[PDB]
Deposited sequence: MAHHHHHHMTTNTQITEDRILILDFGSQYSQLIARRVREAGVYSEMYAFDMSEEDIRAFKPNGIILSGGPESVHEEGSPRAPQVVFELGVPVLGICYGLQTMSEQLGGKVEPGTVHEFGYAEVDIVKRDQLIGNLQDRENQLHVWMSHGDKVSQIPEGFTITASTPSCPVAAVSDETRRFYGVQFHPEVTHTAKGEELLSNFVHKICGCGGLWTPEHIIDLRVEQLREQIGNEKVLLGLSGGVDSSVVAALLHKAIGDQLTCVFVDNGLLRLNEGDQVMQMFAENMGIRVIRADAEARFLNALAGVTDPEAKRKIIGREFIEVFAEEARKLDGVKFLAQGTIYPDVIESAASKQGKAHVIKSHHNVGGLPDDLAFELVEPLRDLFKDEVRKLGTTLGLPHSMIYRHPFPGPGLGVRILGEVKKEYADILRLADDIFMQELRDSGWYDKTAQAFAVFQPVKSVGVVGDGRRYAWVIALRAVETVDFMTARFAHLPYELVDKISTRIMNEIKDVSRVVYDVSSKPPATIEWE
């Protein structure tokens, strides 16, 4: 039969991960440059490496040191396939060791001097014949392998960049995948395009074509069920499936009582009314509040909420007839992290999995949704935890507390959006603390906490630099408009040592 044209993944880069926290950034930067990419652990089998058919290979950094026994090595086939190879920091060091060089034992900015312009450096520079890079100060290449030439250096790091342009092996002692390296994108672009010969077909407009066709091929005339939350990933999945298979899609939305003000109404408005998708709404507030009654331990709260949600979803799924497929919003980071019953549903339900985002990074999901016409407010919304307000009401969850928190959180959101600071944070939300303070008669009422952070990875996060007068306007509004709130505090704890959510 006719099958989906997959031309836009023919050009591809393989990233072998040696342990660096930046390894996924390499893969993401290749995709931003218009080239398909996948990442695997360094000990990827030779069979899989050949079967992948890479146009080029990038060896990431890692927290290891080659001169220690049992240190990671690249598979030898990497240097024998006849395709270019780029080694980043440790990747450069293990490339040197395995090709006749030597590595001698030993993070910050450095200005490397361009001593030879190969095809990786090309015409690039910051200051003249220099590159402002993010350097890993540690191990260094003591002797470059046969056929290599030093292309860049610093006084303290004489081997900052090298290349054997006959075998097309390249290496840098700095990280081009991070923003701290000013020409990092441009360097990686030179590697995948000029050096590896890859085109630029991996773009949102082409990915939509590919994925709609692949979905049609997988699903055919069959029905697909989607758990719809209104988060970015499930929203784009719903839009993709609606475009692909139309009314063969059915969505189930569960209101667990732990959502923000009018969130359920908003999900129905956008997906059922605006977009014309079939959406079943399960209103389960009382069930969740009952399951949570008297539960103060946060881990127990998270367990209960996850369990009741699965039960409610399974109940709704059982009312449907002849649904072969369960769609989920799995993204490529989920799949990378797993290799480092379907849907977790009870066994009476037997779905096959549909995962249209499973090969996409988070920014690609957003670009896809924008291309499909999904509005800014939906695509750029901050993440919302699975347990919802269940982990933003400290200790016991009560309906009275959730209702107050919804009002206070909505004021916070309104002011962030009106002022333009919503998109200038990565996460923001109110927290209900079940303690009271005095305010002016003289009344005595709950203390609300505001949480807002700046981050790119959510692995480190700083409390947000919100303007003084914005914060003051928000706290004044919360206290003036909610009789049950005496006082507002702001979380001034960064990650680490604090977490982003309080529970």
Point out each run of deposited residues with no C-alpha coordinates, keeping the order of the sequence. 1 to 7, 114 to 117, 352 to 364, 465 to 467
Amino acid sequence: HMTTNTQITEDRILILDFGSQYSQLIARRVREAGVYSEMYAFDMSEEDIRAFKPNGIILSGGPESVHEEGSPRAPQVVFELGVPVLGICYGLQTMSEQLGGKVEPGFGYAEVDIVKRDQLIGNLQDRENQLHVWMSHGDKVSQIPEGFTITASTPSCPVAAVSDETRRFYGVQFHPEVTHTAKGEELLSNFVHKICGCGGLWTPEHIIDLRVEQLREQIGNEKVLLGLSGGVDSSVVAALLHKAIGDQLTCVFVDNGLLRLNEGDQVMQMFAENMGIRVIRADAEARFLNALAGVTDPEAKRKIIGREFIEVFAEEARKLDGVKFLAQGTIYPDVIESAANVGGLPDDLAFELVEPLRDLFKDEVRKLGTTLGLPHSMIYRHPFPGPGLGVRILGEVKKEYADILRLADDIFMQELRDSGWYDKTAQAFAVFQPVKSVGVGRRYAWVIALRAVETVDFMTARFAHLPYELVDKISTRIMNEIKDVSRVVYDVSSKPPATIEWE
From here on, numbers count along this sequence of modelled residues.
Averaged over C-alpha atoms, is the B-factor higher for 323 to 331 or for 108 to 116 in this PDB entry? 108 to 116
Averaging CA B factors per stretch from the PDB record, which one is higher: 428 to 436 or 276 to 284? 276 to 284
Which is it among 469, 43, 454, 32: the one with the largest CA B-factor in the entry? 43
Highest Cα B-factor in the PDB entry belongs to which of 358, 140, 242, 301? 140
Give the position of residue 58 by CA B-factor within its chain, expressed as the lowest, middle or highest third. middle
Please say which third, lowest, middle or highest, residue 271 falls into when its CA temperature factor is compared across its chain. middle
Would the CA B-factor of residue 218 place it in the lowest, middle or highest third of its chain? middle
Chain thirds of CA B-factor: placement of residue 491: lowest
Third of the chain's Cα B-factor distribution that residue 498 belongs to, per the entry: middle
